[PDB]
């Protein structure tokens, strides 16, 4: 075993925090996305309409 | 000690998750594997094997199940008569359940690809005639009569000549979701429709069997897929 | 703090698992090791040492145990007579238990390799004659008589000449699993069968011992293996 | 569409429940706070039908032990799961010197601690396991039964000299990994009769799948 | 077939139970909530016979302490295991200034926490331990007894000034690692009489292994 | 017409129709590692490599199908029967050849296939309550084969509707008759017993029922001829 000390925030759930966690379906290959006309990437695009 | 904060999912057991854990027997050297002929690496290899399609899945009697393997053609039938008809539903119940393809699909939730039914005439050698096999893509109900059936993709099969013809089903996609009684399984929807018609009457000389049978062999083409696993299996293990 | 999720097996103690843990005495410098003659690095080194095979494992009396080390040959025996016979079972109970090879196997579950029994004639110098050693692979029961025994792998041993012959057992594989009363140990099954026969009667001149003994020395060949450990040991440590 | 969900490892993965030991405080079943479970991958119902798609298989397994009370409660009870390598003898009492023998890998864990998991390597002394054996392993009927296919034996028990304080239920999950299959064979189509052989109801033979009225009427 | 399972480290590895301390709340044995265990690798029955296959050995050991209640229950009791380096004096009371002396490595852990483990290096002041000593270490019979082979002493005890609240059972597991053996000697074939010497029943001498009827009848 | 002659045998079989090589592998001997490393296994090239022609079975309008078990089938008749009996270990590939003598006035179709480790299962009593492992007649049916009782489930709850997933070949009377299959040694062991464990089974079922207008010989003979490709044995008894 490699030495570790736990820092505060252990076992904590922050709604904003975004680390990760395993896929419920490992071998699942989400049907590829094709090309959909007019994608939006930043709401600010809209604010100029 | 090196600083660590634990993230949610700690101490959690996910049946699918596959990290690792120590070997119960560290120094054990599992007898090496030698070479075993015919290894399989992806079930899809199997889905391309032709297996007998029980198109004649009508006799249910116990000592007749062997008839389900083939349908018949004979003198009694006159030109135009509809011989048989089934759907392009590799998944769903029906004649496809007899095929290995079908049975595997049951172990999967959704799929898509091109299929390939083959028809083998087993009648006499002296037997001749023409049968008209026709596929009607999703929608268009089974053609009214032989005529109209021919105006769409079909193949006139002549056993006098070639004793075995193969028909290709363009594509079937069991992805169009649904929700029946409660078994909300992705229902085909894309049920093509293969119909076989008597193009000419059955012709045979004096001395030959005035009735023959046709075996059907299906299998998916190269471009077949399967997504999502479903262990639906009515045949289950029972304690002696 | 650096993000971590704990996987199952946390806080778990596996007797076999071998990671690590701090030294109770950090600054301790274990007196260096000097050179000790004859180090062993793999028990298999031992399994190739010839050790006395108690083929004559019959006398059980306390003050006779020393006889178990050798079987005899004499004038009383006539040509053809069967002298002795045992199995090629380095593991299982029997004459092999006396050998180091045997005893080690007991500390293992399964194995395979070629063996090597040696036979040493200790009779007079003036003694002469021929003994026929024969091995019968798994199956074929012990040859009916000397004759038929000879029609298979055998070696005619003549002590008048060479006073010590060695026989090689091709291969014995204690892997064919089984389940006796409850001790479902991988039973040999592959019990070869070595039989020694009197090819000629025992011949000696006036003045020499009209009976001699033969010692047996076994050991496994180079290609021997052992898999799985089993601490089966009836000889256990007892508190004074 | 990636043909990866159709591999062999993606077909046979996923931790399935194959065993469920039971240590009631008092009653009939396992009256000694311990029980011996023989690794049987058919502990999972629909598994038999699946693996039996092939004639020869090779794989390893990761077993996971989820133990609690019948209620589903967590309790401060320490357990010991032991592994009996096919070939070594199994415990017969609540302190048969069997739990003592090192060559029998044991793993102590409290119910407090998350499930315990360990990996069993491909045991068999053969090149691979084999669901079918058309013969006899050279009174009684020893047909179809293949010897060396025994993966071992897990022996669950409440650590300690005395009986446990609460009732316990140990569920055993096993996910097989790194799979290699050989010789594909037809898919079982008649209900199973015994865990032993492939016997089937000799009269109750039903058609592979549902049937219809006439061959012309869809 | 890999000849790796026949090495020395693969023969002598595996954590074996060598000690079992007992701290009953009230009774006879260890009436002071503490006890002194002398590291003895023969705490494991079949170990003697094994190591005794050689005349000289060298190794390290990883000790693990699995403590609980006799029932197998986990409890909020803090313990202290101390190590008495062969040469230093051992505790004699429940607060002999022995537990205080730093040169005696102690390790505090609660029963809540998973087993405690530590590694003891090859102690002996010799090049190696030696199971046999044909002489006397330059009234009484001091034969066969080899001095420097003492690995130390573990002293278990319930932390704190007062006695423990619950009964406790500390099991001590030890797996030896990095082994080197020398001078292979014949395998013991007569039951053991004392932990001391190799004496044996001087009349109850049995044959190395089972016997048969006639040498010709198999 | 062209008669192949490999041994003191001479079958007058077709010139060279289509043969299905099993699992895509020609039966061969062995590299240099087996269940015998200091035991060089003698490879019978003598009379163990000739043509064997099993007693022709008669196909009726009602035959349920037949099956044979290898290597058993031959351990009976033959010098290959001599070997399989006097030897301990065994490894051998094969090559079956099923012929059908019928007229253009008959009709039918036979599915001929090889199924490794073909484990039978009788009725299990009658309805399904008797752990009666099939007789020594169904496990090793000598050189005269044995009939299927439940062709649909191949006597082992497996659907014949899928048997083609094995090395197979069809024999549709109106199109051919002879069919060939080269089987390679398939086992989870290099060298296995040639007397107790049957490496596989050869099935031959009438999928399209035999038939003939009344007046033609009602029984069509199915002649199975086979040749042991790369026999191997170890230690005689």
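To keep things simple, chains are lettered A, B, C, D, E and F as they appear, and every chain counts its residues starting from 1.
Note that in this section a contact is a pair of C-beta atoms (placed from the backbone, for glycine too) under 8 Å apart; a residue touches a chain by one contact, two chains touch by 3 or more.
Undergrad: Both chain C and chain F are touched by which chains?
TA: B, D
Undergrad: Hey, which pair has more contacts between C-betas, A-B or C-D?
TA: Result: the pair with more contacts is C-D.
Undergrad: Average the CA atoms of each chain to get its centre, and name the chain whose centre is farthest from that of chain A.
TA: C
Undergrad: Could you state the distance in Å from the CA-based centre of chain E to that of chain F?
TA: 63
Undergrad: What's the distance between the Cα centroids of chain B and chain F, rounded to whole Å?
TA: Using C-alpha averages as centres, the distance is 28 Å.
Undergrad: Could you grab the centroid distance between chain A and chain D? Build each centroid from C-alpha atoms only and quote it in angstrom.
TA: Taking the mean C-alpha position of each chain, the two centres sit 37 Å apart.
Undergrad: For chain B, write out the residues touching at least two other chains, lowest number first.
TA: Each of 2-13, 16-18, 20-29, 31-32, 34, 36-38, 46, 54, 65, 68, 98, 100, 103, 227-229, 240 in chain B touches at least two other chains.
Undergrad: What are the residues of chain D that contact at least two other chains?
TA: Each of 1, 5, 7, 10, 13, 56, 64, 85, 101-103, 105, 107-108, 110, 112-115, 117-118, 125-128, 137-138, 183-184, 186-194, 196, 203, 205, 208 in chain D touches at least two other chains.
Undergrad: Would you please write down the residue numbers of chain F that are in contact with two or more other chains?
TA: 23, 131, 152, 159-162, 165, 186, 188-189
Undergrad: Inside the complex, what are the residues of chain E that reach chain C?
TA: 1, 3, 5-8, 10-11, 13-16, 42, 45-50, 54, 56, 58, 62, 64, 66, 83, 85, 105, 107, 114-115, 117-128, 173, 175, 177, 180-184, 186-196, 203, 205-218
Undergrad: In the complex, go through chain A and note every residue touching chain D.
TA: 26-29, 31-32
Undergrad: Mind listing the chain F positions that touch chain D in their complex?
TA: 23, 69, 115-119, 121-128, 131-134, 139-140, 149-150, 152-154, 156-163, 165-166, 186, 188-189, 193, 195-201
Undergrad: Chain B touches which residues of chain F in the complex?
TA: Going by the criterion above, the answer is residues 22-25, 104-109, 131, 151-152, 159-162, 164-165, 170, 172-175, 184-190, 207-209, 211-213, 215-216.
Undergrad: If you look only at chain C, which of its residues touch chain D in the complex?
TA: Of all residues in chain C, those touching chain D are 6-16, 109-110, 175-178, 182-186, 189, 227-232.
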